[PDB]
Amino acid sequence: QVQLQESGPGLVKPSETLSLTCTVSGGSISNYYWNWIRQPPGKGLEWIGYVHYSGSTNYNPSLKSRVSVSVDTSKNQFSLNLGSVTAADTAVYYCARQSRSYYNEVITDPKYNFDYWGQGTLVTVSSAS
Amino acid sequence: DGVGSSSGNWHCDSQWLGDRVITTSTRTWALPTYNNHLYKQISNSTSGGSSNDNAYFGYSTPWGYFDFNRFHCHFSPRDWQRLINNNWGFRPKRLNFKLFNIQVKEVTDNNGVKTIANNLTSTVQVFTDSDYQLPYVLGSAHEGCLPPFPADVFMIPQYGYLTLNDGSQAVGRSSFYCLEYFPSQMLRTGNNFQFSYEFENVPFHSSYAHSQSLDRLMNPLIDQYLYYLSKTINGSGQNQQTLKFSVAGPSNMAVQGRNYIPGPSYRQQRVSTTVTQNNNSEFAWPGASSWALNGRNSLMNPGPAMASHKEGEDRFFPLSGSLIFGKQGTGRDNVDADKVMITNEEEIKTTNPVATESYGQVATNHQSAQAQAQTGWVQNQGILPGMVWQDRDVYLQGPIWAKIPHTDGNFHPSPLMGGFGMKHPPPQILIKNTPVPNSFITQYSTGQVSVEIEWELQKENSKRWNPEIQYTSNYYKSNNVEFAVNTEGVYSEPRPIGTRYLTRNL
Amino acid sequence: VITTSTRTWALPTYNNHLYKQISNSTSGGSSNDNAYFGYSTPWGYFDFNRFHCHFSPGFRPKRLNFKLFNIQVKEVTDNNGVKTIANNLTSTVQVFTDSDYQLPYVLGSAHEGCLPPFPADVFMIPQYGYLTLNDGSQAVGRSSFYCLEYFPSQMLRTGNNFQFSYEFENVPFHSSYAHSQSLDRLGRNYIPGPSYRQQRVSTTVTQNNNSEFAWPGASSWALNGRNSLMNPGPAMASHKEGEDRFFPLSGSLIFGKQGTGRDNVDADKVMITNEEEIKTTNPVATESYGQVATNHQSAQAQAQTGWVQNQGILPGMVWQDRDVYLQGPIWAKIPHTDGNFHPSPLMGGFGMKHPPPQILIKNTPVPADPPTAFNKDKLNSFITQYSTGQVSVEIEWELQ
Amino acid sequence: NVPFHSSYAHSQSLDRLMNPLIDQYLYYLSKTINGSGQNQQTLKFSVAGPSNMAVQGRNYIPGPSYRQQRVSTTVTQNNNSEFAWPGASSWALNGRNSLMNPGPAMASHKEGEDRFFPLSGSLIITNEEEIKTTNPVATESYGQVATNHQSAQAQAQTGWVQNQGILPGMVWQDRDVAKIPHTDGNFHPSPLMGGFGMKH
Amino acid sequence: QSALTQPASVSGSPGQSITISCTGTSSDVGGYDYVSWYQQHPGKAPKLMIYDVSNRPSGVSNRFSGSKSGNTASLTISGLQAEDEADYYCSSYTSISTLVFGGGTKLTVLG
Ligand SMILES: [Ca+2]
């Protein structure tokens, strides 16, 4: 039983950096690829990017400039840092886990099908308090 | 013996007996007539050969050869699993070849339609080169071997060879070979051909992965009586020079004195599977490790046996360093990266340097009061005394043996694409349709081939407590069973299968 | 020549009769290169792998014989505030050899804990532990775990003894001589042996550069992303003839003087060996191997050369191995691999595929009083105990 | 007892051992970009076959090389400077430099240029061109290797291997037509000026 | 990249097979057989119904199935029930090794 939990501030003022952490419990980070997905309320999913314990990352081309994803193997948690946010960045942020690959035979990049998911956290980007 | 009596039966299966395996494979083949019975000179300028590195000169012959060098010829996927999960090593012993139930056909166009019927008087010529006088083309990982699935019928390849050249032109030292000058046996539709071969003694291929890394062989609990140089200065300031020494021990394992050092390296460029990380330029050929011979540059492929990538770096592959197989139905030219499977020899990372990394460093100068210490990267390192290394792994799809070139000297003759290097490998088997009359009857032959190899096994003795890694098929719900045919009847092999699963101590 | 030794040993119960995972993080080390993963065992083991075990102040071993006898099992208590050491006669001691080489082989790393050089000393038996595959501090799926209890072993009470004989496999006679001639002084038919250059360090601190280059200037080989110092390295001459104040940084063995400290001790507390005996056939550790042409000369192009900092084997090389010292190791185990070249170990001595086996020993745990109501948990309560006895080892040597 | 000296010339070259009519089942990396522009990265693969013979995977590789300076018999071609000693390849022993003569067995010159000879590499002027099949040219680099990790910001860089030691899977020929020094170890004791090496 | 295109909503009566489609470009969907389908109940994280175009994980009934023709992959739900109403998303691996999702599709069970 692997459980993911997102945590972080629920409110972010525009043009400030957004930060979230997912803490995996029951299972270690291991060789898995950790992903961030966001769903704007009433709209479709969108993939932010992933991180790997080797420090490898891959980002969404539209967000590639202002986004960063970090991993901490010691604390068993990985993070999301999204800079220069606007109101278009209000969404529910999920952390997910790329499905385990049963074969070590070939060298390939990960193909994304998610095995586990966090519950998600709502993050509102607004000027008001 | 007769036209109405069959000359041999159909043998395919494997017998697992103790330390030995006997794998018999029988295939149905078809041999056309090549070059209209004409030895023909071939060279690059015929196709234009615009590159000097591509320049070749040689001949194409009417003959055909039987090739069973690849592993899936002799092993089903199941039998390959039994081999690799239960055994530390294996190697061939005896070879037994049979050629029977020959049939010859003559091709005629009657009116506008084509006609084929039995020619009962026709013969087929077949001979083996047991003195190894002909150029040996088997060990080049070529196509045309017996199909992995036994229910497929295959087309014998056309034999050919090359010799010396300068540009596209020949030279006075070049050679020419008439296969007709070799005594051969001639077969009618009642004849059958067989011979038995004996593999020369070769080392077991090591189908296991080390459970220890070359640099961790130490006892973690105990110091070494040896000392290393810890400090060259006491602190910040002028004229601080000192020499301090410390015990090499568990707290610092990098510096301990070691009896053995990893095997040799010749660096490869590193390519990332994700395309965005790779540089935006055409560096595919301009950035590749090569070796030059007589003014021609040959790509280094696959090269020395080296680990594909560092631990935790799955995306990267070392260019020409790793064997690449095509998936079923893959296009011949300019296919996408997904269309092919790149194998990764990460099993040998413990004792072999990473193919994309520098072997290490060396000091480039003498330090002095006026000169700081300087080092430089070792990109390639030949053998040193006290190196140990692992060979490249063999695959279900990969080659079995190669012929060690006949030369004054060689080192570790084991071939670089994997498998068993041999000075007298299994001999070549040449075959052709006897010409029936420069105007001949259009004619082809078909028949069966059975081959039997006896493999010796090395059993797994390990005391390891926790369970091994094993090659397994996952329990999946999909449209097609792996290593089986689809609806249209096409057989496929889903992924390359390595030999290294069980472990050993270093 | 036949050498014989005998010593008295003391075996303490190790780490409460438990196998315990140890790792980089157990230790707490910061560096990536120094990361490790492995286990520590309740078992101890005998290590005679140094020469001065068998010798008082061409040759090669032939036979071996080992005996373990006069077993004495001491049980310790605290009665009131004082400790009372009493004989326990019924207790046993377990010993076995690994003659199939199934366990990790730690005897080739030049560890402390050897039989002492002075025949009247009494030594502590060192603990057995091993390393396996790691990634960082964590373990991978391929890592293995060995329970030494799962070997058959012989249990010894105080009147029992243990002996076995071993046979060394054929190895070449170690050279114990120095060539009187040199390679170039014999167009030449042969060239000197291979080189991997070391930085040069002088015993006069003033000569040395005023910077911290102890590690930043060290010859290293990288494996799986972890850098390892090249030590001692290939066999090379320690210094040019006439300079004895210089030594290769990591290129030579270093021994400590009697009672020398563990950390940051000055140069006069340690004995830095020199290999100069071999400078006839071998390149100097701190020197380049030679020079090569880097280009094609022409009317417009001067001939250019470059320095060879490292050179692999070439046909026609000759070389001498590293010398053995009365304080140095005897043998090492050749790793089991597809291929190796000149397997003679780099720290000196005789390389072997089937070296002298390991000998493993522990005090059979004797539990304290269990409760009188049944409980399923394993017993953690044991009688404090340790044992002692006599170790004799005989080696038949052949001379040239 | 010693091996029979080989007294023949190979009719084949190490890189041409393939069957010219047939494709390999192996693949190689043909293209790293689609076209000119920005963000064109791709990975394309193609079968190694008779059309391109350079990129095929091979089981064996040529012997070691220690490069010699190239000298022409036409004195006009050569540089107007004294490079006989500075130019020559040497090996150093105990502070004493020693010229490399004749050195490891290598082809004297490329095919098509017979006017060039290695500086110290020949017995004096005999030419070794018989062995150019399995051995590198004494005046040429052994090949190239990559010197860096490429990346989005870094182009692939290579460098020239001037000397190369033994690698597994090398074959070579000895010199065309001695006592083995008494040592701990040696490799391929056959002497470099030619003939039969013997410990007695 | 450009998102995958889906119908906004599809409805069917319980017991009747239903087919949802997602159209993608040749590079993203048409090019590789790596298309996943996720159902999301309101307020829950998406669950993986189908991966690798036609494969399905353990824990998913026969009733869910998928197929691919050209540039369009389709999800088929046989004998649908009440619990089968949710939002279904098409996911695809692209040429540059990025992930792209469809717009989402809401399935209404008439009744
Ligand atoms: Ca593998």
Side-chain angles (χ1 to χ4, degrees), chain A residues 1-6 22 24 33-52 56-65 67 69 91-103 106-122, chain E residues 1-9 20 22 24 27-29 31-60 64 66 73 75 86-106:
Chain A
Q1 296 178 340
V2 178
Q3 293 177 335
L4 303 176
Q5 184 174 356
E6 302 86 355
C22 184
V24 49
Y33 279 89
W34 304 95
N35 286 274
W36 288 97
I37 314 297
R38 68 175 184 185
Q39 193 168 359
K43 293 175 182 176
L45 299 170
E46 184 183 6
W47 172 77
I48 309 301
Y50 65 76
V51 71
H52 191 66
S56 181
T57 55
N58 197 346
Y59 298 140
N60 187 335
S62 63
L63 275 62
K64 184 178 180 180
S65 297
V67 72
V69 179
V92 177
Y93 289 81
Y94 296 96
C95 48
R97 205 188 70 172
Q98 157 79 223
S99 192
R100 154 199 182 191
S101 176
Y102 303 89
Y103 301 97
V106 311
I107 294 165
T108 26
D109 41 355
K111 305 306 181 307
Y112 322 67
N113 62 70
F114 307 121
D115 196 56
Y116 287 102
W117 290 76
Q119 70 281 0
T121 55
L122 178 60
Chain E
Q1 300 77 347
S2 60
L4 304 177
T5 303
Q6 290 180 334
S9 64
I20 299 168
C22 53
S27 58
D28 66 34
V29 171
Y32 326 77
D33 292 13
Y34 302 119
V35 51
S36 300
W37 290 91
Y38 297 93
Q39 70 168 16
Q40 192 179 4
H41 295 293
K44 298 291 180 291
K47 182 179 178 180
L48 175 65
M49 291 294 104
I50 290 283
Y51 71 100
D52 286 354
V53 179
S54 57
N55 277 170
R56 72 170 163 278
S58 65
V60 180
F64 291 133
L75 179 67
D87 294 347
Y88 294 86
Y89 293 92
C90 177
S91 172
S92 181
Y93 174 82
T94 62
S95 296
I96 61 173
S97 296
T98 298
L99 183 63
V100 167
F101 287 91
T105 292
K106 183 176 171 59

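A note on names: the letters A, B, ... follow the listed sequences, proteins ahead of strands, and every chain is numbered from 1.
In terms of heavy-atom pairs under 4.5 Å with chain A, the best-connected choice from E:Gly104, E:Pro46, E:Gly43, E:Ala3 is E:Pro46. Residue with the most contacts toward chain E among A:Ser62, A:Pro61, A:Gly49: A:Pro61 (heavy-atom pairs, distance under 4.5 Å).
Residues E:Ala45 and A:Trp117 come closest through the heavy atom pair CB-CB, 3.5 Å. The shortest heavy-atom contact between E:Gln40 and A:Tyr94 is NE2-OH, 3.1 Å.
Interatomic distance, E:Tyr38 OH to A:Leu45 CG, rounded to the nearest 0.5 Å: 9.0 Å. In this structure, E:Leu48 CG and A:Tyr112 OH are separated by 15.5 Å, a value rounded to the nearest 0.5 Å. Between A:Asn60 atom CG and E:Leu99 atom CG the span is 9.0 Å, to the nearest 0.5 Å.
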Pair A:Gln39, E:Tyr89 - check side chain to side chain contact (heavy atoms under 4.5 Å, CB included), show working. CA-CA 12 Å; A:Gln39 193 168 359; E:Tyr89 293 92; 3.0 Å; yes
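Both the backbone and the side chain of A:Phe114 come within contact range of chain E, judged by heavy atoms closer than 4.5 Å.
Within the 3.5 Å criterion, the main-chain N or O of E:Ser97 finds no donor-acceptor partner in the side chain of A:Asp109.
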